[PDB]
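>>> From the sequence below, what's the structure:
(one chain, ligands or ions: 2)
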Amino acid sequence: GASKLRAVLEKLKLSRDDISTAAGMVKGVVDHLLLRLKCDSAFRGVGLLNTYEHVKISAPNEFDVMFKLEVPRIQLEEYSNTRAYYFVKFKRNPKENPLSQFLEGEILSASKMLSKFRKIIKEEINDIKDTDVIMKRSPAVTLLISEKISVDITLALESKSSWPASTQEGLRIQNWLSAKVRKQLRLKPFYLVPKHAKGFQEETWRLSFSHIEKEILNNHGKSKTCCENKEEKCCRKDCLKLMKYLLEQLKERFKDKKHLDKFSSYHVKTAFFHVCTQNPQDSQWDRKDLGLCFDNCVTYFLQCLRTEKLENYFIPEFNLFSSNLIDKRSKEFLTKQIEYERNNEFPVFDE
Ligand SMILES: Cc1ccc(-c2cc(C(=O)O)c3nc(CN4CCOCC4)[nH]c3c2)c(Cl)c1
Ligand SMILES: [Zn+2]
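Numbering: from 1, shown residues only. Ligands and ions are numbered 1, 2, ... in the order given. Take a look at the structure below.
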């Protein structure tokens, strides 16, 4: 029942200290690069984005880090009705921006900016000889510290402006976290990561709302006091940790023929939060009900792959499971693998 799952989560608690020692290795290298970039003309307004504060975790030895660049008076042009991919233009010309180095008429190049960013890092990488830091061959700068810790660095354009139109019906937390909280969150800035649409269109930026996850996860209840006492203990966080570790273990047992390469913890998060919308009450996430609650996430995720539909939590018109992003075969393969786990009381957790 719920007994087996608790031991898995209690096991995952034991590796917190090993992740904490490796976390300081990430922040050390990252702070040197931030000092190096600030001395440059274009990367003077570079800062660390808090998404472990500024260090986000995707896999056990993978660490996603985000560098933000303040872009004032930014005008966005939507690309090919994709709803998430956009072009970066400038409202007017009051006093020429320092970002003009990568401009191409009106449109700001994503390929040109990421290239100078890759160059300034490649130069600073060989400088700090304290730890073995390298660079790998994908809109991120991957580093490898002590031939084990992989750090995916991403550059993002910050816009303090009102969120784009495609996000109008997104973040459907009204019946869960409230209309008050939705309005509050939508007052926060948004990000433009250089993810390119399928060759590629290397001048299009993707809408990123990564920074909102910590806001919702650290305040996940309908009741303001959720998980603040022994009475209101819920299992929302435990179901997300079990959903993340499920895909993680399936990506480990099937690196045999590389079918699940397109799948990330991101797809698992999106699906979990959609269940959080479906189940807005705290009584639908009780600590005793861990087994039942996890199965609700497992059923929704299986229904997602099966229907080839998983809406971006912020952009409903954007389908993360479209034929264009992940092929029909990879979804039908993952459907079959999870279906086997669900029908056999999850044998990929027995360790
Ligand atoms: C309630 C809530 C809040 C935030 C997110 C959320 C959003 C984004 C996003 O960007 O909108 C994102 N992005 C990541 C990691 N990226 C995967 C693709 O490659 C680059 C790294 N996790 C992400 C997580 C979700 Cl689901 C739900
Ligand atoms: Zn809770």
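
>>> Spell out which residues of the protein are next to ligand 2.
For the chain, the contact set with ligand 2 under CB under 5 Å from the ion comprises 221, 226-227, 234. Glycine gets a C-beta too; all of them are placed from N, C-alpha and C.

>>> what sits against the residue of the stretch 51-200 of the chain found nearest ligand 1?
Residue nearest to ligand 1 within the stretch 51-200 of the chain: residue 64 (5.7 Å; CB to the nearest ligand atom). If you count contacts by CB atoms under 8 Å, 6 or more residues apart in numbering, residue 64 has them with 51, 56-58, 152, 154.

>>> What is the three-state secondary structure of it?
strand (DSSP: H, G, I helix; E, B strand; the rest coil).

>>> partner residues bridging it?
residue 56, residue 152 (DSSP bridges).

>>> what about it, distance to residue 267?
To residue 267, residue 64 is 15 Å away according to CB to CB, to the nearest Å.

>>> Could you identify the longest helix within the protein?
helix 16-38 (DSSP state H).

>>> Can you spell out which helices and strands pack onto it?
Here helix 16-38 touches strand 46-49, strand 55-59, strand 62-70, helix 110-125, strand 141-145, strand 149-159, going by 3 or more CB pairs under 8 Å, 6 or more residues apart in numbering; DSSP states H and E.

>>> tilt between it and helix 110-125?
110 degrees (axes from the mean of the first three to the mean of the last three CA atoms, to 10 degrees).

>>> which residues sit against helix 16-38?
43-44, 46-48, 52, 54-55, 57, 60-61, 63, 65, 67, 117, 120-121, 123-124, 127-128, 130-131, 133, 143, 145-146, 148-149, 151, 153.

>>> How far does that helix sit from its chain's centre?
19 Å (CA atoms, centre = their mean, to the nearest Å).

>>> now stretch 241-261
Using CA atoms, centre = their mean, the offset of stretch 241-261 from its chain centre is 17 Å.

>>> Can you get me the start-to-end distance on it?
20 Å (CA to CA, to the nearest Å).

>>> repeat for stretch 214-233
By CA to CA, one end of stretch 214-233 lies 19 Å from the other end.

>>> That stretch and ligand 1, any residue contact?
Yes: contact of stretch 214-233 with ligand 1 (CB under 6 Å from any ligand atom) involves residue 216.

>>> and the residue lying closest to residue 197 once chain neighbours are set aside, what does it touch?
Using CB to CB, 6 or more residues apart in numbering and skipping the chain neighbours, the partner closest in space to residue 197 is residue 85 (4.8 Å). Contacts for residue 85 (CB under 8 Å, 6+ apart) come out as 78-79, 195, 197, 201, 204-206.

>>> redo that, cut-off 10 Å
78-79, 192, 195-197, 201, 203-207, 318 (CB atoms under 10 Å, 6 or more residues apart in numbering).

>>> And the buried ones among the residues you listed, selectable in PyMOL?
Selecting only the buried entries of the contacts of residue 85 in PyMOL, with 16 or more other CB atoms under 10 Å as the criterion:
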select buried, resi 79+192+195+196+197+203+204+205+206+207+318
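
>>> Spatially, which two of the contacts of residue 85 are the most separated?
Maximum pairwise distance among the contacts of residue 85 (CB to CB): 19.0 Å, between 203 and 318.

>>> what residues does stretch 218-237 touch?
If you take CB under 10 Å, 6+ apart as the criterion, stretch 218-237 is touched by 2, 5-6, 9, 175-178, 181, 216-217, 240-242, 272-273, 275-276, 279-294, 297.

>>> Weed out the non-buried ones from the residues you listed.
Buried, going by 16+ other CB under 10 Å: 5, 9, 176-177, 181, 216, 240-242, 272-273, 275-276, 279-280, 282, 284-285, 289-290, 293-294, 297, out of the contacts of stretch 218-237.

>>> Residue of the stretch 151-300 of the chain closest to ligand 2, please.
Residue of the stretch 151-300 of the chain nearest ligand 2, by CB to the ion: residue 234 (3.2 Å).

>>> From residue 242, how far off is that residue?
14 Å.
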